[PDB]
Ligand code: 07D
Ligand code: 07D
Ligand code: 07D
Ligand SMILES: CC[C@H]1c2cc3[nH]c4c(c3C)C(=O)[C@H](C(=O)OC)c4c3nc(cc4[nH]c(cc(n2)[C@@H]1C)c(C(C)=O)c4C)[C@@H](C)[C@@H]3CCC(=O)OC/C=C(\C)CCC[C@H](C)CCC[C@H](C)CCCC(C)C
Ligand SMILES: CC[C@H]1c2cc3[nH]c4c(c3C)C(=O)[C@H](C(=O)OC)c4c3nc(cc4[nH]c(cc(n2)[C@@H]1C)c(C(C)=O)c4C)[C@@H](C)[C@@H]3CCC(=O)OC/C=C(\C)CCC[C@H](C)CCC[C@H](C)CCCC(C)C
Ligand SMILES: COC1=C(OC)C(=O)C(C/C=C(\C)CC/C=C(\C)CC/C=C(\C)CC/C=C(\C)CC/C=C(\C)CC/C=C(\C)CC/C=C(\C)CC/C=C(\C)CC/C=C(\C)CCC=C(C)C)=C(C)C1=O
Ligand SMILES: COC1=C(OC)C(=O)C(C/C=C(\C)CC/C=C(\C)CC/C=C(\C)CC/C=C(\C)CC/C=C(\C)CC/C=C(\C)CC/C=C(\C)CC/C=C(\C)CC/C=C(\C)CCC=C(C)C)=C(C)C1=O
Ligand SMILES: COC(C)(C)C/C=C/C(C)=C/C=C/C(C)=C/C=C/C(C)=C/C=C/C=C(C)/C=C/C=C(C)/C=C/C=C(C)/C=C/CC(C)(C)OC
Ligand SMILES: COC(C)(C)C/C=C/C(C)=C/C=C/C(C)=C/C=C/C(C)=C/C=C/C=C(C)/C=C/C=C(C)/C=C/C=C(C)/C=C/CC(C)(C)OC
Ligand SMILES: COC(C)(C)C/C=C/C(C)=C/C=C/C(C)=C/C=C/C(C)=C/C=C/C=C(C)/C=C/C=C(C)/C=C/C=C(C)/C=C/CC(C)(C)OC
Ligand SMILES: COC(C)(C)C/C=C/C(C)=C/C=C/C(C)=C/C=C/C(C)=C/C=C\C=C(C)\C=C\C=C(C)\C=C\C=C(C)\C=C\CC(C)(C)OC
Ligand SMILES: [Fe+3]
């Protein structure tokens, strides 16, 4: 409702969403190492 | 909603739309290289 | 409903419907090259 | 409400039913060239 | 409802029922050349 | 409702009922000439 | 909101909660505790009643004992809820018409679940706890005992169900039509007849020859709703116990030509 | 003549026209039912 | 004019339009039902 | 032009659009049903 | 070229976009229903 | 820029986001239904 | 940053948490259903 | 640190506890469903 | 004969058509032009039903049956001895129902009340028409309408519901059943509450809206109101009829397969398809 | 021979006939309850008690039941209190079934849709004994929901666009929470206020004033709306009179 507090909310929201996306990317990299999810023309 | 508010919504809204369309186009290009979705004369 | 703002609608509405119809015509042309939907005497 | 405004409506009403009927007639002509819908003595 | 507007009604109403009956008669006549709809002694 | 309007209504009513019955009688005569609808002792 | 439970409400809630927990646990165990399979087959899951060889005694837990326990707990909960709605009406110094209309539904529920199995000697043909299982029980009951369409009390129950729908569509429409004349204040109209009640009665008189009052239309509605389930319960009790084939009964009594 | 004073012209004509239209439609459908007078699917006599 | 001085088209125009359209639709559907006059199928004579 | 005072010039347009669209949909579905004029399947003459 | 005095702009734009979206969805499903124009399954010409 | 003058920007954002998410979910489910584009249980081309 | 003045950060956060949990549950259930990516019941790769 | 001014600490804790309990119960049910991780039945490896 | 309060309401006007000719009462019945038409169609249809009974094999009321024309006839009008009588009775009944609804409209106009009652009767008329006109027309033959018999229409219901393996699995039919049961439950509750307020027991004072709301709040947790209950009941009955019409339109015109087999999509959902 | 009572009779048929007997008795009882208002039937012309009835007239009309009210008064049903035979209308034909034609102004004469029942001259009372329907001034506790638009201050318009006045107050119901009447200050003869039923008034949505449209009567009929004795309470008879006058607009507005 107030500009300064909303701005600092965006700051902490970015600081949290970047961590969330990094964790998700690391998890997806591990899952891709385990079993990739894009089949080739001959399949899996 | 004021005129300046509408204009601000507009510029940053189209700014966010351009990025969304670029991401969608990149994803669709990747899917096309994976497996095209337009069958040929005889089929796939 | 003011006449001037109504005219401004008419103008932008016409521009947008023209863009929509141009995009639809482009898509229909692409589909026509892909597979025409008008059969001949012997069919497809 | 007013008779003058009703007349002003009727003007572009007839001018637009004219273009609607013209598009319909042109489409019907194209469909007739494609496949006529009036069978002969022996059928189609 | 005035009697003069009733005169105007009567006028264009009869002028339009004339056109309606004329086009209906023309359509029926054309359908008659195409395929007559009254069977003879031996049917069709 | 007035006497003159009632006389005009009766005049047009008798004319219209006579023309309606004449058209119906002519249609019935034509249908009888085409195919009569009174069966014979052994059928049609 | 301001729901008054009391001692009877606490009892009824505890009993019904135990029954619901037993039924849900049995349903979840039937799919080997799989949430995915539970969601997949939720409609098809059911808790079947015991077989005929066990009679009215306690069947093993895996072979209908859980069904018997859950059914008894549910019956006790429903009877205690009837007692609750009787006592609430008595406490508010009001009539027990709601309790005595719920009594008809309870009678039908007991006839389907307990009274008819008591007459027949076993719980084999009782209603299982499950959506599609109880739909299939309905279908198989009708198919086994001739054709339920030919049960005269099933006829009457259907007639009174259609009559309940017809009577509510008449009454709600009439009250909305006279809502601009204060017709929604029904008890006030009963105590002091107003133009809304007068016009409703006159409309129905001019329409179909006879009319009701603002209280007697509710008497009609109450009796139609009660008689639906009452006649249905009578038909359920008479099905199989005295009539094995409703189609053959109808053929005997002229409802159908003899095959 | 005064029968049009005892009978409203509009109310009488609307009812008469509706009755005549319904009767004509019924007769035409009855004719379509038969085989001799079915002018659409014309059968041999 | 005297006819329309009483048969004013407050709703008679809508009534006539609804009557004519429904009659035309019914006749067209009947023609489609028949074999001789089914222009979409075009059975031989 | 007085019919636009007779009838609401908004309800008239709405009803006409809804009637024309439904008629067009009905005719298109009928054509899809017919074998000769089914452009999607495209049967031979 | 002054329709927007008659119809509310907001209701018109929230009623013309929904119509177009529903029509597009219907046409896409119809194309999916045909062997020739089904781009997901894929068949011969 | 006047689209936001007619429509609440908050409501426009919410509706657009919900519609996009539902459309994406529908297209993903359709792809999963199709054999060719089922990336989870992939089948050979 | 502007988002949080129009959208309440008490309702946006709750909606985001619920939507993300629902999406994660849905994707995990899909993976459990599929055969290749079912980690609890390990099949051949 | 400012979360307990924004969200109500009385409702947030109850919601979090309910969510955690539901998630734990769901995961334990899934494990009981699986053959390998059914600790009560104990299938051989 | 009149009630104690009917003379001041028996006034001229309110007719949709016919003017003063039919603005009169015969006993308690208001006649009206649409009432004259209702009597016309009722007498015609009843006489033709009795004629079909005479043509039939039995005079038993249960076994009297007027059957629709064979499916081989299609939508063509049939001979009177082979379903044409059924078609005539069907259209006479439609005319009678429409004239009854318009007579109710005239009575509403005369009394200055709303048209909710003819509007609700319109849904019953629509259900009947969908069963005898709309569904057979979209199915391609008049033979799919139910025969006009006490038992033969029940046999038609059974056969039609078993043509789709099990009609219990029709999704709109489940909703119709739910709303039909809820309408009866709500009618029982509403009649019970009104009678319990008007008759609070011997030696007790009549209760009011306060007590009516408090009773159901205390018992079940919430109430609806004095007019909300009537609106809910009307909407429930009309929604039950509408969903019954929808299920009948789906069963055969649109969906021709097995309704139990229609439910495989739930078990084929991606998050459970194992 | 499972359910056989005799050679042809059986238990199901016996129970069915028992239900038929019970249902006939129930229909008799329900008609008895139906005849608690407006009966016995009077002759259409003379008004004397006379009707075509059979041997069931002994059982047709039940003994009067007594409704005990919280105010100490009692209401009997049937009360046998008939309306006056003479009314301000004359039949168009001497037949019994002929309709009535109003002699003068039907809206003021209270015949047909304008007719009202002679209810008690007492306002509806809540559980606490206070009058149920009072203006918002007398009930400060009640308030209109913030999600809804307050009708106060909104112009009152008719179906032809003529403005009848402005809303100055709302009459609420304390027993069943709802808005019953709108107090409208007439444009003509300033200072005169008339009651306006809420159920007969629809809000015109987006008109930039949300004009409370009254389709019942026209603007010129507002001056003849029946008055109320008290400024903070309305009796049942006055309530009926107002609703009946407003309900007659659809039939006698253009006359
Ligand atoms: C092949 C299938 C078939 C068939 C072809 C056919 C035909 C038709 N029939 Mg029938 N029917 C068939 C079979 C069949 N038929 C039913 C009954 C009826 C009814 C139900 C009335 C009701 O209100 O039930 C509804 C009332 C009940 C069942 C009792 C109320 C229950 C209460 C108070 C318990 C309270 C509940 C809780 C506290 C929650 C507990 C929680 C948990 C368990 C988890 C009725 C009126 C009715 C309608 C139709 C029509 C309209 C048709 C058409 C158009 O085809 N049929 C019988 C009965 O006696 O009904 C009273 C009965 O038992 C039975 C059977 C086996
Ligand atoms: C299997 C691969 C596959 C597949 C066959 C397919 C088809 C097409 N996707 Mg894609 N897509 C696939 C996968 C997939 N997709 C996306 C989505 C989206 C969005 C993004 C939103 C947006 O605003 O896009 C922006 C929208 C634009 C760019 C609208 C411009 C449209 C134009 C110029 C006309 C289109 C028609 C043709 C060009 C015809 C030519 C055809 C032939 C020659 C044979 C969206 C509308 C959209 C468009 C389309 C288009 C134009 C095509 C064509 C014609 O190829 N796709 C979904 C999404 O994000 O929804 C919010 C999503 O989740 C998801 C998934 C899973
Ligand atoms: C295999 C057998 C089977 C089966 C297992 C099963 C199960 C159940 N089903 Mg089902 N059903 C089966 C068959 C089947 N099912 C029905 C219908 C329904 C409905 C519609 C009710 C309605 O709205 O009637 C609406 C009623 C109408 C048609 C109103 C029309 C009446 C009018 C205009 C007025 C007429 C007036 C006069 C003539 C004048 C009288 C004069 C004087 C008294 C003087 C519905 C809700 C319903 C009830 C149940 C239940 C509760 C069950 C139970 C207990 O399991 N079923 C369908 C229908 O009619 O839809 C419109 C239909 O045709 C059809 C089929 C084929
Ligand atoms: C006249 C016949 C119609 C009818 C009437 C009817 N039904 C009725 C009534 C009436 C008049 C009621 O007064 C009564 C009612 O209250 O209605 C609102 C009712 C009722 N009929 C109902 C439903 C119903 N009615 C139906 C139909 C019908 N009943 C007929 C159409 C149908 C069907 C099949 O068509 C159903 C399913 C119920 C809503 C209600 C009776 C409620 C009841 O008996 O509830 C029993 C209690 C429980 C199951 C307890 C549940 C507890 C929960 C688990 C909550 C948790 C509690 C707590 C946490 C427990 C303690 C835990 C600790 C011990 C650890
Ligand atoms: C839509 C919601 C519910 C509803 C509402 C409803 N019905 C209504 C009304 C309303 C609001 C009336 O105002 C009106 C009325 O006045 O009722 C007393 C009516 C009415 N609905 C009725 C019955 C009825 N309603 C039913 C259902 C319903 N109507 C719905 C459940 C049902 C069924 C099957 O469930 C029936 C049987 C009547 C009591 C009445 C209709 C009065 C009427 O139509 O009068 C004119 C006609 C005659 C006097 C006789 C006509 C005879 C025909 C020439 C022959 C018809 C033959 C028929 C096709 C088959 C007969 C054999 C059957 C066994 C198959
Ligand atoms: C606010 O609370 C409300 C109440 O109120 C306070 C109520 O009450 C009610 C209403 C509810 C009840 C009263 C409870 C009972 C209701 C039910 C259980 C619903 C079920 C209803 C029935 C089973 C009854 C059905 C009976 C019907 C449909 C009436 C049948 C009527 C006719 C067939 C004839 C109709 C009359 C006409 C058209 C004219 C009159 C006809 C005659 C008198 C006979 C013929 C007359 C002549 C020969 C002379 C005139 C002839 C003419 C003009 C020529 C015609 C030519 C021919 C020969 C054809 C409700 C809902 C309400 O919520
Ligand atoms: C003069 O006027 C009068 C009033 O006014 C003054 C009145 O007031 C009423 C009273 C009428 C009503 C209050 C409503 C009437 C309308 C209907 C009957 C149709 C609507 C149907 C319902 C909402 C069912 C209501 C029945 C209840 C609440 C019975 C209460 C029973 C218990 C508390 C016992 C335990 C409860 C059990 C076992 C289930 C009870 C049924 C439900 C609560 C609904 C079913 C719910 C599920 C089983 C799953 C769904 C879960 C939900 C809803 C929570 C999650 C959220 C979701 C959306 C899924 C009348 C009659 C009246 O004449
Ligand atoms: C008032 O403003 C202030 C002053 C406060 C400024 C603040 C501004 C802020 C904070 C603004 C926020 C902006 C943001 C975050 C904007 C985001 C915009 C986005 C992401 C917009 C995206 C739009 C997407 C559109 C319009 C896409 C439409 C796609 C359509 C209609 C596709 C239809 C496809 C069909 C029907 C295909 C069907 C095919 C199948 C086969 C599925 O059909 C069966
Ligand atoms: C006031 O007036 C002014 C001044 C404005 C002037 C205006 C004047 C006007 C408007 C004049 C208009 C006059 C018109 C239009 C007159 C029209 C008259 C018509 C067309 C009259 C038609 C009469 C037909 C009658 C009465 C037919 C009766 C036939 C009957 C009852 C036959 C019944 C048959 C049966 C029952 C048998 C059927 C057999 C089958 C096979 C169908 O049975 C199963
Ligand atoms: C008056 O008193 C004052 C205020 C002075 C002081 C009071 C202080 C108090 C009362 C302090 C109390 C503090 C407490 C008890 C704090 C509790 C903290 C806890 C336990 C926090 C835990 C948080 C856990 C989180 C946020 C977990 C998130 C996990 C998620 C979203 C995981 C989702 C997993 C998914 C969707 C996947 C599941 C896999 C399957 C297979 C199930 O998917 C289908
Ligand atoms: C938190 O936990 C949750 C709530 C998640 C657990 C989940 C519970 C769920 C999902 C519960 C509900 C499941 C379903 C699908 C229920 C559906 C039930 C239906 C539709 C039932 C329908 C009909 C059943 C009837 C009519 C059965 C009646 C049975 C009776 C009356 C049985 C009475 C038995 C007696 C009196 C037994 C006597 C023998 C004794 C025990 C006395 O001696 C042997
Ligand atoms: Fe009363």
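Below are the figures for this structure:
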{"quantity": "Fluctuation leader among G:191, G:76, G:231 - chain G, Gaussian network, Cα springs under 10 angstrom", "calculated": "G:191"}
{"quantity": "Kirkwood Rh in Å, taken over all unlike Cα pairs in chain F", "calculated": "13.1 Å"}
{"quantity": "Beta bridges by DSSP in the protein assembly as shown, antiparallel share as percent, to the nearest 5", "calculated": "90 percent"}
{"quantity": "Whole-Å distance, taken between Cα centres, linking chain F and region O:76-142", "calculated": "32 Å"}
{"quantity": "222 nm mean residue ellipticity, helices alone, for chain O (DSSP H n ≥ 4; -39,500 (n - 2.57); rounded to 500)", "calculated": "-18500 deg cm²/dmol"}
{"quantity": "Copy-to-copy label separations for residue D:5, where each label sits 7 Å from Cα toward Cβ, in nm and ascending", "calculated": "1.6, 1.8, 3.2, 3.3, 4.9"}
{"quantity": "Most mobile listed residue (P:24, P:98, P:76) in chain P, GNM with C-alpha springs under 10 Å", "calculated": "P:24"}
{"quantity": "Cα convex hull of chain M - mean projected area over all directions, nm²", "calculated": "4.4 nm²"}
{"quantity": "Where Rh is the Kirkwood radius over Cα pairs, Rg/Rh for the protein assembly as shown", "calculated": "0.96"}
{"quantity": "Average Cα contact separation per residue, chain P, under 8 Å, 6 or more apart, as relative contact order %", "calculated": "15 percent"}
{"quantity": "Ascending list, in nanometres, of distances separating the residue D:17 label from those of the other copies (7 Å, Cα toward Cβ)", "calculated": "1.9, 1.9, 3.8, 3.8, 5.5"}
{"quantity": "Estimated 222 nm signal from helices in chain B, with DSSP H stretches of n ≥ 4 weighted -39500 (n - 2.57), rounded to 500", "calculated": "-26500 deg cm²/dmol"}
{"quantity": "Distance between chain M and region G:63-135 - C-alpha centres, whole angstrom", "calculated": "42 Å"}
{"quantity": "Estimated inter-spin distance, residue O:162 and residue M:27, nm [label 7 Å along Cα→Cβ]", "calculated": "5.2 nm"}
{"quantity": "Spatial separation of Cα centroids for region G:183-239 and region P:80-119, in angstrom", "calculated": "28 Å"}
{"quantity": "For region O:126-247, fraction of C-alpha pairs farther apart than 23 Å, in %", "calculated": "49 percent"}
{"quantity": "Pairwise FRET efficiency - residue P:209 versus residue O:258, Cβ, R0 = 56 Å, nearest 0.05", "calculated": "0.45"}
{"quantity": "Inter-label distance for residue E:28 and residue J:16, nm, one decimal - labels placed 7 Å from Cα along Cα-to-Cβ", "calculated": "2.9 nm"}
{"quantity": "Computed [θ] at 222 nm, helices only, for chain P once each DSSP H run of length n ≥ 4 contributes -39500 (n - 2.57)", "calculated": "-5500 deg cm²/dmol"}
{"quantity": "Beta carbon of chain A nearest to the axis of the rotation taking A to E, residue and angstrom distance", "calculated": "A:1, 45"}
{"quantity": "Label-point separation in nm, residue P:21 to residue C:20, each point 7 Å along Cα→Cβ", "calculated": "7.5 nm"}
{"quantity": "Computed FRET value (nearest 0.05) for residue O:115 with residue G:120, which takes r as the C-beta separation and R₀ as 51 Å", "calculated": "0.45"}
{"quantity": "Other-copy label distances relative to residue F:30, 7 angstrom Cα-Cβ extension, nm", "calculated": "2.1, 4.1, 6.0, 7.7, 9.1"}
{"quantity": "Crossing angle, helix G:97-110 versus chain G [Cα axis fit, 0-90 degrees, rounded to tens]", "calculated": "30 degrees"}
{"quantity": "Long-range tail of P(r) for chain P (Cα pairs > 24 Å, %)", "calculated": "64 percent"}
{"quantity": "Residue among O:212, O:204, O:104 with the largest mean-square fluctuation in a Gaussian network model of chain O, springs linking Cα atoms under 10 Å", "calculated": "O:204"}
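FYI the Cβ positions are ideal-geometry reconstructions off the backbone, even for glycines, and counts take in every protein chain you see. Rule-based calculations on the coordinates, nothing more; no lab input.
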